[PDB]
Structure formats: C-alpha cells, structure tokens
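Considered here are two forms of the same protein chain, supplied as structure tokens in two stand-alone entries, structure 1 and structure 2.
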Structure 1
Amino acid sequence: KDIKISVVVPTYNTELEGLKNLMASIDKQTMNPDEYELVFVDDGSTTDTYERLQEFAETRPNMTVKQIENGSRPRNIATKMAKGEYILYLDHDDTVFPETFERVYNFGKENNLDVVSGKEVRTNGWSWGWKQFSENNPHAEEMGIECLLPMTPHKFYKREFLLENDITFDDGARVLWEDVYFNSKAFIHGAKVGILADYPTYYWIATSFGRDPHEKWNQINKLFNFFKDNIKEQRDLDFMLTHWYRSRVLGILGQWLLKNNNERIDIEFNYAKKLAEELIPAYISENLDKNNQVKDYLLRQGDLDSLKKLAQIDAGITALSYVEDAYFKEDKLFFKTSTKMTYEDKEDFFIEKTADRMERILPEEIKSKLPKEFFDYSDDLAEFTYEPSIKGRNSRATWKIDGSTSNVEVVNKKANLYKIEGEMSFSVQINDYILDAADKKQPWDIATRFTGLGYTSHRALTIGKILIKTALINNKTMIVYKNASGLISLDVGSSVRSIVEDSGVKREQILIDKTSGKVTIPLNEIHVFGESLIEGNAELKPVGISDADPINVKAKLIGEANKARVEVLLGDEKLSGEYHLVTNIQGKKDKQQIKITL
C-alpha cells in the first residue's frame, strides 16, 4: 500500500510519555492508519531514549525509528528515509485536526501540488493568514511568492520535490527564520503551491537566540542578502524586500521606540539605517503606505528624534466596534455595529483638511522636514476595510464572516477636523464554522477587523449595556451575550450559560397534568426556529424541609411552532405538596425559583 503522508516526529523533547501525548492527535485522523507513517529519529542512551523507544515502535505498525552517528540534520535524514507522498514537520506540543491528512492529500493529489499551504491555527489572536487563508486556491503560485505566507514550516511538502531540489533545513549553525529560507527555496525552484483554507490543518500551540541586537541585525542582514542572491523573479524579490523591510527594519521605528532603552535604540537604529542604504533600493519605498514612507525618509536622514516624536503622536490609534443591534432571525444571528478611529478607545482620531489636502495632524517642526506627499491622505480615503470575524474559544480557529455590508465615511466633526466613522451589518450561520464534532458545543467570540491609512485594528466586538438573547434553533441552544470581559460571545450547547435561566420562565403558565405525570414550563424570551428536542432532567425538593434530599426526574427542552417549553416527567413519583423545581438542561441549572404544587 502506498503511503500518502509521512509525519516527521520531533525529538526536541523526546520524553516517552510525551510521544504518548502526540499519538492522540494523530490516531484520531480519519485517514486509514496504514496510509500514513510516523518517522522518528534519535541519538541517545541505550534505554530511556532507545530501548523503550523501539518498544513503542514494535506496537505501532506505521512507526519507524533510526539512529544517527552524531535538531535539523535529523530532519534531513527523516526526509530521505520517509516513503510518503507528502511530509509534515510536526513541532512539539503542536496538533493536527482530525480530517487534516485526508483533505490535504486529496487536495494536493488532485491538483498535483508540491506545497499544500493549509490553514494554520494559533492559540492567540483574532486572525492568522487573514489574506491567504480566505478561499481555496489550487493555483496559488501564480500569485507570486506571497502565496506561501505566512511562511511557517507547518505546511505539507511533496517529498520528491524537496529531495530533487535539495531543499533542506540549514545544515549547521542555528539560524533565525529557517522556515522563511525553507519556503522561499521551495518557491524559487518553481513549486506548484495550493492553499487549503476551508479546513484548519495545523494547530501551532503557544509555548532566546536573537535577543542580542548584534546577532539580530546579523541575522536580518543574512536574510536580506539571501533574497538578493537567490530570488530571480523581480516581482517576487520586490515583494519580499518590501514585506520584510516594512515589518522588521521599519518595524522598529514605531511603538518599539517607546518600549526600549535609549542605549539599545541607538544600536538598532544605526543598523536599520545602514541596511536601508546598502540593501533597499529607493523604488521600494515608493510602493509603501504614507506612514511607512515617512518612516523610511526619516530613517535615511538619521532623524531619530523626529521618529521618537512621531511614535509618541501615533501611540494608541485603533478602531473598536460597538454593537448597535443584535437579534436572532430564522436560523441566524444578526448584528449591526459601528466604529470609529480613536486614541485608545477614547477621543476621536482626526485628520485635517487644508485646501485640497487631507493632512495627518503633525507639529510644524516635523511637517517642515517631510515631503508634502507623505502626510497627505487624500488618495487613501477610499481604501478603508471593515469586516467581521469569529473565533472558536476551544478550537482557536478564526474565520472571516462572509456576506457583510459595511460603510465608512470621512465626517467633518468640528472646524477643519475630520473623523473616520464606520458602520456594518452581518449575520452568523454557525453551521459555516462547525467542521469537527467537537465544534458543536463551544463558546464563540466575535471580532471586527478595520484597516485604513496604514493602520489595522482587529479587535473583539464589545457592548456596554447588558445583552442576553437566547435561541433554540434546530437542536442548538444559542445564547449571544456580553461576556465577563464586556465582549460579545455566542454560547452554543450550554458550555457556559443556562438557556432556561437566560430565557426566563412564564411561571404562571406552568401546567401540571397528574394523570400523565407531565409538568410543562413555557420559556419566556427565546427565538425558536425549527423543531428541537433536548433531553435532560430536573430536581424536586419539598418546600418546607431544610437540606432535603433531591428527587431526580427526567425532563426535556422542546422547540415547536416557534415556542419553547420544558416538560418534566414525574414517572412513578406520586407526590403531594409544594416542591421546588430546578431544571438541568445540558448540564446547566436555572435559578428561576420554580415552585409547583402536587
């Protein structure tokens, strides 16, 4: 049988019980176990890293171990002895999602891809690979080298392709951004790259060399020289220069100046200036945004003092979205939101209209040093974006929410000052983001992404007033709410909140049918769509007694004809008197103080 996928098992921490933890994520793959293999490699003592090593290997038929006569050179030997069509270089503590192997191989084989850039998930943040992991693209390499961004080493690589172009991790010295070098060489050698965006493939879990400014800028110089000497297509070289110049070199001329001591600032500033002069052509800054053109111009002038002042003037610019309306309709959750650019969610962010120019507000001393074009936002006032996103609080996967309509205008607030105001409406069909069984019961967090004038604000949606709205939709309990942090969350499956408590109870419409032993408890405020039956139980306690033992009984939450109710089955009980009733639906109890008389 042909091997479809070979996973290179890491040995950074080769604790045997740690390899036990790793097989859990891999044994849950939907792919047949005999169509993938696990490739291990070590160089240790006779027992705790070798004898109990192959003891574990003789149990797994698809596991292989081999020694080395000496953490990257191990990866090269694993690549050569592997037999799978694609190779995954799995890092420690990282996990893959249950359908990754099947979906990656099908996608790569059908489209004959040398690299499958699968959607990657990180613990923190509201996005990862926002631009690239939007839609599936089986012909991504035609877009240029940026199709491989973000250049993590967590993609699926065609094994034949790596061996035929001798694409390996750097043999000796520990190098920064070896994944950048690796994925760049893959593209340089004409890799067919496909982007798999509709299913998360890799979970990069969150868990020193290069902190030295001298080694840091030594490594930055190496990376830029690697680009200059190895990239042959000018379009691709221009992108890599522009991308890394903006983020690493110019990326220290903003708020980084306000966070480091003056002694380290002086060192890294001269490093950045020398690199810009020796390595970055002048035309590169021409395709940059206005704020970075300012940074580039002041860098080449060596004007560190102006840059320190501009960092002070720019600190805290952001855009936080407020919920203006939220409701359930049909089987979806609808949102209306508003936003505006501010300083730290407080006073408005302003630009200034002087004549035909929409000017960045700067002191006169700095305005006189800059070319006029670099603080005129006139040409950029129609390039605002405003989109919604969502994140599973357990899976950590983030997704753009499609189908939104937005509007951003430049509004004259007072005198010649102008603010930037945005509005947006969108809906959530939660089934769009339920891909694994575990996603069915999960809290979800909503965010908004706002970009414009060189700034990007991707922040959690918030509301000030208490919002609690519930829904019973096709056997899914849904609760949208202002969570404990003041941010918008959608609880599905009662993982945090009780839908009965949040919906309230019409305690005066409670029905008791003693012949059929059925108690009916109608819910008050709740959107009910489709038919729903969710089984649970309830507790009865006699009213007068203290510390009374509970009477356990079955119960069910029913959605029917756009109305919801809990029916409690008394069964054999045969009771008399007044009892407290507490419903327990999906593990959550209500605090509605229900009393019934039997």
Structure 2
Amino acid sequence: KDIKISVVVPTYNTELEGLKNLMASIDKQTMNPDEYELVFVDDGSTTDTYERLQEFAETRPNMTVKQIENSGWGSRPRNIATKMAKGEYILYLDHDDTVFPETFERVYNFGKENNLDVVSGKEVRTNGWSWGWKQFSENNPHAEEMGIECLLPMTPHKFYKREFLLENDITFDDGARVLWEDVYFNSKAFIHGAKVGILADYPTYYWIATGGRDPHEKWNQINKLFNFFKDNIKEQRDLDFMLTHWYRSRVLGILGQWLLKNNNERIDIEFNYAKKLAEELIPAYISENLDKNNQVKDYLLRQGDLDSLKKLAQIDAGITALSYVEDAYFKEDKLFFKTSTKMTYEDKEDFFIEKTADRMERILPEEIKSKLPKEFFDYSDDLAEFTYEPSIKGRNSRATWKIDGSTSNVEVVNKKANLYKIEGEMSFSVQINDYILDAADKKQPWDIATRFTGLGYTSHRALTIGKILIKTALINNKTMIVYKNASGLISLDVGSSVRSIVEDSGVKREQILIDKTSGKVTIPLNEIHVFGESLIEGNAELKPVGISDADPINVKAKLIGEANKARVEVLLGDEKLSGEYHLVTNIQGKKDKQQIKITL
C-alpha cells in the first residue's frame, strides 16, 4: 500500500533503554502500521546496537535496518536513509527521543488536506516553561505566508514531504562537525518555496534532554551560518529576520550575563570574534529592528567598549518578574487564580525607571550614559508593550501550554520621587480538559508558571506562594488538588498522581456511619469542592487493632461526589468482623493517613 510516513532514525552506540522507549512510541501510533515504515541506519556502532535493531525488525515488516561505516568523513546517515525512504512524508527522529501516540495520524491528515511541504508540529522539551511559545500558539495551514519565521524553532523534528526534498535536492551538509545542521536544512526548504503549516493543538515530538565549548570552533560555525544567510536567502524580509534573530540571540547574547560567568581570557576571545562578525556581516540597519537594550549592546560592541558592557551586565544582573498567588479557589468545574507581579532584582527590591523631562530613562551611571546615544536608554515608546500571561506544564509529558482566557493589566506606577516601578495583576482559570489529549494525561501532576515580558526582558518562571495552600476538588470524576509544593511553587495534582485527596480533604471523623446490616461504612470528606456527579472505584484495607503482623483485609471502596458533597463508601462484603479495626482507604493508588478506626 501507499506508505504515508517514513521514520528516519540514525543510530550509533544507542542506549538500549532510550531505544526501547523509541520503539514503544512508534508502536503506540494510532496509524495502521502498514501505512508507515521505519528506516534505521547504523553508523558503525562499537556496541550491539545493530544486533538489537535486527531483533526489533524481525517482528516488524515495515522496519528496515541498514549499517554503513563511520560515515567515511563525508557521508550522513540521514541522507542515506532518505534515498531509501518510500513514504510521502519523512520525519527525522533521533535515537533518544520519542513521538506522541497520535502524531502520525494528526500530522499526515493535516499536511494532506492543506497540501503542505513542511508540517511544523508542536515540539516538547524536557526543561523549560515553553518551546516555540510564539509559533506553536495556533494551527496555521498557510504558515509560509508569515515569512521564514514560520519554521522556528528550526529543529529537524518536522514532517517534510519527500517529493519536495528530492525535487529541490535538500540534504544535510556532508561536513563531519557542522553545528546548526538543521538550520541549513529548514532554511533551504523555505528558500525553495515550501508550503509550511503549523500544527499546534497537539504535541507531536518529544525532544528528550540527555546531553560548542571551543570558542574558535564556535565562532567559526557562527561565521559559516551568517554567510549562509547572506548568500542564499534572497527575499529581503526573510533575510532581515534571520540576520536579526541570530545576531540578537547568538552574537549580542554573549554581551550580557555571559560576561559575569566567564574568565577575562575567554571574554577577550569571543568579544573580538563578535565585534569582527558585527562589522563584516551584520548591516547597520539591523540595529533598527532591535529593542533599546539590544541597541545599546550593538552600539558598544562596534565601539569595542567591552568595559562598559561588563558594567552594564552587573547593573542588569538579577532583573526578573516573579508572580505571587493572591487567590486560588475552585468555582464550578474550573480552578481560578489571581496573581500579582512586579519587576525586581531577585524577587527583592523593586526595579525602577527614572522620569527626566518627558523621558522614561533606564537608570544608568552618568559615565556610561554619556557614551550612549540619547534614544537608546529612553523607554517612553515601550511602556505600553508589556505582556503578562499564565502557562501550564505537565510533569510527565513535559508539554507546555498557554492558559487562554486570562485577563491582565500592567501599570507603570510612581513609587517615590521620579522613580517608577512596573506592576502587573492577572486573573485566569484552568479547565484541565483543555490539556488532556492522551489517555496518559488524565493522571498527572501539573505545574503553573507565569510569563512576563517588557522593556526587553523575558521572565517566564513558576508561580509561587508563601502561605500554606492545599485545596481539593472532585469535579466530574476528576480528583484535583492545587497545592504549594516543597519548593514553594504552585502544583496541580489530577488523578491522585502524587497526593491523596482523602488525606488533603480531611475526614469528618465524628460523622462516620456504620451500617451493620448493609455492611456499608460511609466516610464523608471534610473540606473539598464538589461539582457534578462522580463515582471513582477503589478499595480499602482493614486491619485488627492490636495484632502486629495482621494481613490486610481487602474490601471494595468508592469515592462518590453528589449534591456538592464527597464521601467514601466502604463495603464490608462477606467479611465476618468483630472488634476494632484500622481503616485505610486506597483511592487511585493513594492511601490516606487519617488514622480511621471503626468498631464492628
């Protein structure tokens, strides 16, 4: 039949565990296995990786395992596996990553119905509160109209139409040690006019963190990358974006706190390379596309003023925006938050800007202020561009999502004299179903964070609270617990992944009902928000008081939510019991610690 997707996996001394997880993620795919193929190419492993791949391919007719040499200096397994691929779309999956169980089906149906050459699906990384925060915000079947920006982040973990790659001969550069090999690949795809679509409503690829250092090798590659942009990108809008994006992130990105973390010898090497790269490759008009703080860095870089840049890094050290929980409560079937934040230095004293004449200036010493153009430390034009947004991250899937529907407001307040602070307030609600897309997501801890940007600073940090916060809810067969974790950060347990809803709700101990004839023991929950109907099956353990090593007597239990009240019913069944017993409930794998004792 017609192969819809080809999975390209290059391998070399692959960890067996990560390879097992990779094969499991492919087997979990909702797409019929005869509609995709797996193309593995071993790069001459010194371990038994190729022997394990053959054992995998025995029971999988859609799997192909090829073994080459050590790439012969100038050869790449991804190109070799591409020439033998037969599918309509190709995914370049690394040997220690995984793929979500509905990726193939969702990605293919999206690319087919929009005739896409590149499908850029939502990507997930182990660490961080976001990835592709701007691009993975909504589905865009005609993303290539945005310009070359639609392909960011330019990982090789997209779905490329095999017909498009072979026609334009888009391969991976056959250099043994080329960095950002995927940036060349994605840029070449767009230069040849690829129809690009962004699939954002479902996480498609998990880039797992497993884990350059040579400043000469690093800056040799940075020069090679900018020379690629200037020589190949012919559309002005696209070229200006790549020049601006990589000059800000990689070139100016060493002129900040990087100066405070490296010795003066390494600083001299990279700063001299950066200044040489700015003057030769980066046009002056790129400065127009930068924010005020990056314009200051760009100006001092070309001036060779490394001394003023080091002082500026010390002055800027620790600027951040941390959000405190002002209120948190369940209402109907949602969890509501009210937060507050302000720009500070390390969550301590406020960050200030100064008002001189009708200008809102960056607070700087006069010695540095005289060295800079007057407009570069004036924030007057940017005091209405603040963003304040909430986000959520699943602790198991590592997938991050923006929490939609929030209302926020950021004010520039005159605290004293001519000094102004930046304060924000936000209120949002979380409908947990908006982020449950796989069955595995139903039972998972969730972590809440806030993203605050303004005046050139991006501050995306976990939501925090100081007071003790533990609030439970039972909403339409979903057990939900919002709590301050041991790090003072806000977490949301759904499905009893880490906490016990009976233990955190409490037990009206003096209201336990023992129905001896029906054999039912009713244990009502104390503090808990109950909405809708709920019946969660579980079990419980009875143990006679006094007998040390008594076997637990296993009985059926169920957590019930009805009429805005929660209770656990324990059914004694055919058990013949007499005396005092310990009663421990076991709902969703979590045992309470309420020390319940009943007399039968």
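Just so we're on the same page, rigid core means the largest C-alpha set that superposes within 1.5 Å between forms. Counting starts at 1 with the first residue of structure 1 and goes up one by one along its sequence.
Here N32 does not count as shifted, since its C-alpha moves by less than 2 Å between the two structures after the core is aligned. Taking the rigid core as fixed, one finds a CA shift for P61 smaller than 2 Å between the two structures. Superposition of the core reveals a Cα shift of less than 2 Å for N562 between the two structures.
In this core superposition, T47 moves its Cα by 11.0 Å between the two structures. The rigid core superposition between the two structures gives a CA shift for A173 of 3.3 Å. Lined up on the core, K414 has its CA atom moved by 1.1 Å between the two structures.
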